[PDB]
Amino acid sequence: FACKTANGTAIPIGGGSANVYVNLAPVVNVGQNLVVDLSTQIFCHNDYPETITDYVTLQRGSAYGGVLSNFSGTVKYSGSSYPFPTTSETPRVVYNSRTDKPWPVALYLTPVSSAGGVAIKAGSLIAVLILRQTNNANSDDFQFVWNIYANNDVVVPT
Ligand SMILES: O=C(O)CN(CCN(CC(=O)O)CC(=O)O)CC(=O)O
């Protein structure tokens, strides 16, 4: 089991970490959601699908910088919604193919009442998402750590 980002950075068997640089909507009004869809940026595959089933969770998601200060969050994982920053590990998603498939994570971020101006600075760390990978054969328990960085400013107009 291994993962890759949309620009080709890999995390190999056994886990590791990588940076993910994401374009964000440059403006988000009070009452609207800023969507950070990681499913178009993070992909994973099972190397030996005839031999083993791999299981994948969002073990935890943390917010940083302007996301932590200026937004109220939820994370959708494989169709279900949870608080973001997270308070529990999600259910497991099955990976059963050598073809890379999306990691089905999206953040829904709406401005807090105090947000105004540049609410996320371009280049800043906005999130760390920990993917936990297990399997149905042995006790392997691997962490794939995704450090999410903003490519551009996000403005909340005032
Ligand atoms: O997980 C696999 O793909 C192969 N499994 C078999 C698990 N299968 C049972 C079966 O194929 O009859 C679970 C499944 O139904 O996918 C071997 C193992 O026990 O580690």
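Hydrogens, waters and symmetry mates are skipped; everything else that's a heavy atom, side chains included, is used. Positions are given from 1, in the same order as the sequence printed here. For ligands, and for the atoms within them, numbers begin at 1 and follow the listed sequence.
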### Task
Test the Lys101-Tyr95 pair against the cation-pi criterion, namely NZ or CZ under 6.0 angstrom from the six-membered ring centroid and within 45° of the ring axis.
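Yes, cation above the ring, under 6.0 Å and within 45°.
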Sequence neighbours left out, cut at 3.5 Å: what donor-acceptor pairs do the side chains of residues 103-131 make with other protein atoms?
unit_1 : atom_1 : unit_2 : atom_2 : d
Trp103 : NE1    : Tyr77  : OH     : 3.0
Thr110 : OG1    : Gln32  : O      : 2.7
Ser124 : OG     : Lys121 : O      : 2.7

For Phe144, ring-ring contact (aromatic ring centres under 6.0 Å, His included) partners two or more places apart: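 With sequence neighbours excluded, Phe144 shows a ring-ring contact (aromatic ring centres under 6.0 Å, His included) to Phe1, given in chain and number order.
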Protein N/O near ligand 1 N/O, under 3.5 Å, which pairs?
unit_1   : atom_1 : unit_2 : atom_2 : d
ligand 1 : 1 (O)  : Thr53  : N      : 3.4
ligand 1 : 1 (O)  : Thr53  : OG1    : 2.8
ligand 1 : 1 (O)  : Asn136 : ND2    : 2.9

inquiry  = Here's a test for you: under side-chain hydrogen bond (donor to acceptor under 3.5 Å, both in side chains), which of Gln143, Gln133, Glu89 qualifies with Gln59?
reply    =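 Per the side-chain hydrogen bond (donor to acceptor under 3.5 Å, both in side chains) rule, the option paired with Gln59 is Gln143, out of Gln143, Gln133, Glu89.
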Note to self: Nearest 0.5 Å, please: how far is CD1 in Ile11 from CD1 in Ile13?
What the structure shows: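 One gets 13.0 Å once the value is rounded to the nearest 0.5 Å.
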- Pairs satisfying disulfide (SG to SG under 2.5 Å), at least one member in residues 26-108, at least two apart: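 Every disulfide (SG to SG under 2.5 Å) pair that includes a residue of residues 26-108, provided the two are not neighbours, is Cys3-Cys44.
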